[PDB]
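Q: got a structure for you, letters missing:
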């Protein structure tokens, strides 16, 4: 091997402003070379070199630029991009936003260093998702299903129980099983959460007994804002290593996707870049793509990555740039309703916008029923017509609902009452739920049904 | 003219970015000096000198900047501004954006060279539009008439058939005075200049003027969308110069059709951004108003010559609005505005002209006792008032209910219906004289009672109420 | 030769670049990354590096290729997935088992070792060939019939023509000599991607693009070689429409390119096209995958290469066009290309004219769209190829005031307006009849007249019915379900039928997967003729009661025929043209007879 | 009859007129600010950097 070399140690910082430290007289820089700045007081912090020009090099530190002296701070060039020591032993532990251990345990002994921001899977190599996932929630598996490799987020405004829903999904997660060594190895990114929520997550995962197969990546709001952006990267790097190069399927969870976007806006505004909508950086589509567009089933390997992010509509508006880009990229969405939450429904999923783009392949002959697609279509379409009936009744009166409209309103009411609701630990299997789903479909006349053919449901039999 | 000088030839290109090249060590560079660029491959491009400072000179390139290199690019300074060749032979031919002929014929044998952006006319020597032309379109002919030397821009948006109506206007251009009007001098000599048009629209226009039989009269300048942008900022100027020669120094009435002013504004914005100066409203160059004024004010009758220029620049509202800088400045400058309405297009009326926002400042002078009947202005005013009151009444009936509408309310709604049905609607080739159109307008007006026609003077009513 | 000076994301500045010319391919770093000169200042120059720039170091070697951006457009590209720089994905994966895309690999564009059955044409020794002359043809695979053509800007007399047989791409075939010098040609042809492939003369198009979808085929048609735009806001999944067009178009070849498209979608394309077959007149089973090429680079790929992706796609489509075929292209998510332009220009500090997008956006987009069309090809024989461009402009936030949407709708000929309302209601096509508009109606008038003169009239009637339905919906919402005129009620009726049956296709069921044009005409004629019969009944019914007031009773008594009208969409096209035309005949005549007899009854 | 008509008008107003106008005002405010102010300030900053 070519002879080793020790890192250069510079002191020529020649200007500081904002989150940027400017160097000079640098001999042989490297773009995105990771630098570990040591201040005069002796403390250390890291950062990235975002631009290289001439002998100059512009560094954006991690822990902030406070307390840096233009004549006493020393910069060292590791000469490599950021690498996370991924290993199989990383399971069942917790880490800070930067990945430092926080589980009162020893640092990870790496099997092999893997550069984060890894190269894309060859598009030809990528294969379509084909197997359903038992998240442990009824309404997700019954309609708007999930395939083992399909990405789909959870849309939920502020104040909604989406974090509790994520915890329930993580603890109740499992394969359909219709094994354990290669079973779901859940990676749980945590991008910018409150300390109370962090303690909630830690206690829920520790007590659940799933800590034997789950790795957390906690990052609080008190952490440096830039450290928030590398978190959902380190998490996906570890997920890629565990799934593709280690075999076991991974069900990655990202929390507060909006917080990552806020972390991006702050960093970009500091960098003084061209702004997109709402002042968010223009290339956010690219950087949300680099995060989302990783889950999938590579052909040459039996692993599988499944992506379940959680967003947060800032103004409770789906037209906000973050949900807009997500819905452009993420292949479907699960929607949570504030009004249904007000109606005291624990899983307040609003089925009208809750669609799975890959549900057509999630259903099949290996799993579900031959009428699953038709039942989903009917219970997804008649709900909108029942909502329109409710609106017409509101704008005219109770007598406005005719013999057909009244049936739609009753269908909507019974649907919001029985089918959607579920227990806090309800593993309602597909068939028992689809029975009452067809009961709801049969609340409406069995011949008035327009889209569905009666023979498809006739393949199924009542009782 | 005793002795001349051969043009200089510098190989210095200190910088190339965007559509611009930055020449250096250029001694004695004129402003708006026209430069010919000999590349390393030997191809020749022509461009203009945007600004001069010291020995530096920012040169914009018409044909794009996809082959320049410092080592081998050579540029010559002709020491003159653009002077397009002009002659009577320029008629009946189609030309590229820069004026290079593409009719498979020979280049123009010039009668003279005219500097672009011709000499400013002494304002004390201009004259108001004297006579008006019959446009054939009922909406244009009856309200907001077009006078010889008028500046009427057609305001449209994407999808609206502004190109089709432009071709129809080119077909129906004609005089109206007492229905009296060879007329080779009186021949309108249409100078149609289109910038950044779809190739389909280009073939459409070419075939339309080929078939119309006016190929011995019309003259087309084209700067397609795939053609370089910089060429588009000169094409309308070339058209205006050619029209000015064919009208003033050649004694011919000339009509000008400029297409897609929004495309011209786009080229102006591109040039300004490439030069990196302070932007204005919506990032546009701050002098866009001056450019539009110089591109518009080059039309009108002139006392000392028998010719004239009447221009109809079709304009595209970008987001179907008017507060946009281009339509706003055009309204500030142009003495008229004809609107094409998306609502009219939705009901599938081939001419979608909405007369309510449409207006000509010189309509009163355009209409004359020889030009039209004495009641023509009364017809226009009555139709305006009736349409406005009918729209307000339709809104009132919508909010309160159709049944709650009064008798006069139903009368106004019926007037709106028959108006938008028979009056505005016209065929692809409907070409009717002004008089029968005015008679049918009096039919529509006499549908209303005499008392409701308060705006109309009584004398004109007695002249043309019963008929 | 040269060395790097500044690196800033995708943009890289190299010093010592004196002889460089604009848009010349360049090799950067020890990994020899692809780059194109964009801005040259002094001895230095600006390079956009299509590969990822992370990890560069100052003074990395910079090598001039002296050649602009070029694609190897020889035979064999059909049925192969190519990157934005047109590198072969499958060969890369086979050569390096690592499924991850390597950085610094130099796989050639096409294999130099494939043997192709080469059939020389009627050309003879000493014949005067010109640029674009089809001296021969070659069978890449079934239904390929690849025509090897002489590259333009080449002429001479045939000094030697190769005999029929298998040939490597190195092998010379033609040895034409123009100015005494005998130049030898091969199958490989490289084209400067930015410069369009020349044509003899563009010409108007009058062959409609048959999508197989009722709404697009009838309401807003497009001609072969036209230009189309599909905004498709988030949640619409326009890619299903694009894939349906690719599968069931009448085009000879499909060039699908996805800039910013999801990797899953390309996986779906490559995994579903080979099984799906199209039936040619010969009738043999044949895979669409051979007819289709994929130039897509996923969103994970560097954004510098969006422009290269789109231009390679358009030049490959042009190459197939010059072969005489009719090729259609879909450019998924050109909004990603707009964002790529913004990101590149942002580093150059060019002043943002509008919403961050550079000023020279309309120009580039207009060039890309204007490369479309139907042209008379060069050389002999007298081919007339065509390229159809159907791009996609995803509106950020779902607002059509977006600059990319504004420019596209400004320069596009036919526009298909997707809407969030129909997508939410699970309509499936989600093609809004209002905003969508086709400027090709005038051109296709001759085709409509020769096919069926009734089509234009029923189309205009359907448009009027839809507009009246929208107006009546607004008026009713303002007032209420009361005071509905019997004629207005009958108008809202069968307009609901239009929306429920004709305007919607399942797109995932065998019957609604592909809608033949004749059955679409029959279905529209049935609906509009029922409407006309209803109007006639309203005109005369032995009193205003039986005429129009009893329209509800008519619906009650004609319920079976109305149900047949609504179910006519459910029938599959596999029954064949005679079965469908006979069924539509009997349905229309039964409807007319029952309506007239019931109108005769009590009147 | 009069009370029914008036109640219908009031309910229609409360359900459609304001419920459509308020989103129109919100969209106008959002577009105006986040486009004009943002891009004008960006242009000014780019000019300042150019001079710098």
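A: That came in fine, so what should we check first? Numbering: from 1, shown residues only, chains lettered A, B, ... in the order given.

Q: ok, now how distant is the residue of chain D found nearest chain B from chain C?
A: Nearest to chain B in chain D, going by Cβ to the nearest Cβ, is residue D:43, at a distance of 5.3 Å. Where you see a C-beta, it was placed from the backbone N, CA and C, and this is true even at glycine. Going from residue D:43 to chain C by Cβ to the nearest Cβ, to the nearest Å gives 6 Å.

Q: residue contacts, that residue?
A: By Cβ atoms under 8 Å, 6 or more residues apart in numbering or on different chains, the contact set of residue D:43 is B:278, B:279, B:283, C:351, C:352.

Q: Against chain D, which of those make the cut? List them.
A: B:278, B:279, B:283, C:351, C:352 (Cβ under 8 Å from any Cβ of the partner chain).

Q: Let's see which of these end up in strands.
A: Judged by DSSP state E, strands contain none of those.

Q: out of these, which are buried?
A: Among these, the ones that count as buried by 16 or more other Cβ atoms under 10 Å in any protein chain shown are B:279, B:283, C:351, C:352.

Q: right, and the pair among those with maximum separation?
A: Greatest spacing in these, by Cβ to Cβ: B:279 and C:352 (9.1 Å).

Q: number of nearby residues for the nearest residue to residue C:498 once chain neighbours are set aside?
A: Spatial nearest neighbour of residue C:498, excluding adjacent residues (Cβ to Cβ, 6 or more residues apart in numbering or on different chains): residue C:527 at 5.7 Å. Residue C:527 has 23 neighbours, counted by other Cβ atoms under 10 Å in any protein chain shown.

Q: what about the residue of chain D closest to chain B, distance to residue B:14?
A: Using Cβ to Cβ, to the nearest Å, residue D:43 is found at 27 Å from residue B:14.

Q: Same question for residue A:172.
A: The spacing between residue A:172 and residue B:14, counted by Cβ to Cβ, is 68 Å.

Q: ok, back up a step: look at the residue of chain D closest to chain B and give its secondary structure.
A: What DSSP: H, G, I helix; E, B strand; the rest coil gives for residue D:43 is helix.

Q: What's the separation between it and residue D:35?
A: 12 Å.

Q: Run a quick check on residue C:39 versus residue B:16, I expect a contact.
A: Yes. The pair residue C:39 / residue B:16 is scored as a contact, 7.4 Å apart, by Cβ atoms under 8 Å.

Q: Show me which of the two is the more surrounded one.
A: More crowded of residue C:39 and residue B:16, by other Cβ under 10 Å: residue B:16, with 26 against 19.

Q: hang on, that one in a helix?
A: No. Counting by three-state DSSP, residue B:16 is not part of a helix but strand.

Q: What about whatever residue of chain D ends up closest to chain A, how many residues nearby?
A: Here the residue of chain D nearest chain A is residue D:15; by Cβ to the nearest Cβ that distance is 4.9 Å. Close neighbours of residue D:15, defined as other Cβ under 10 Å, add up to 14.

Q: Equivalent analysis for residue C:177, please.
A: Residue C:177: 16 neighbours (other Cβ under 10 Å).

Q: Who are the contact partners of it?
A: Per Cβ under 8 Å, 6+ apart, neighbours of residue C:177: C:156, C:157, C:159, C:183.

Q: Selection in PyMOL covering whichever of the residues you listed are buried, please.
A: Selection of buried members from these for PyMOL, criterion 16+ other Cβ under 10 Å:
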select buried, chain C and resi 156
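
Q: Report the two members of the contacts of residue C:177 separated by the largest distance.
A: C:157 and C:183 (11.2 Å).

Q: what touches both of those two?
A: Any residue near both residue C:157 and residue C:183 by Cβ under 8 Å, 6+ apart counts here, and that gives C:176, C:177.

Q: quick one: secondary structure of residue C:532?
A: Applying three-state DSSP: residue C:532 is helix.

Q: Contacts only, for residue 110.
A: With no chain named, the answer covers chain A. A:85, A:86, A:87.

Q: wrong one, I was asking about chain C
A: Neighbour list for residue C:110: C:72, C:74, C:75, C:76, C:77, C:88, C:169, C:188 [criterion: Cβ under 8 Å, 6+ apart].

Q: hmm, try it at 10 Å
A: C:72-77, C:80, C:82, C:86, C:88, C:91, C:169, C:187-188 (Cβ atoms under 10 Å, 6 or more residues apart in numbering or on different chains).

Q: Take the residues you listed and keep only those in helices.
A: Judged by DSSP state H, these include residue C:91 as members of helices.

Q: Got a ChimeraX select line for the buried ones in the contacts of residue C:110?
A: Entered in ChimeraX, the line below selects the buried ones among these, by 16+ other Cβ under 10 Å:
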select /C:72,73,74,75,76,77,80,82,86,88,91,169,187,188
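
Q: Just give me the closest of the contacts of residue C:110 to chain D.
A: residue C:86 (35.2 Å).

Q: Tell me how far residue A:368 lies from residue C:261.
A: For residue A:368, the distance to residue C:261 equals 28 Å [Cβ to Cβ].

Q: Equivalent analysis for residue D:8, please.
A: From residue D:8 to residue C:261 the distance is 50 Å (Cβ to Cβ).

Q: neighbour count winner among the two?
A: Neighbours were counted for residue D:8 and for residue C:261 using other Cβ under 10 Å; residue C:261 has more, 27 against 18.

Q: quick one: that one and residue C:299 touch, right?
A: Yes. Contact criterion Cβ atoms under 10 Å: residue C:261 and residue C:299 qualify, at 7.2 Å.
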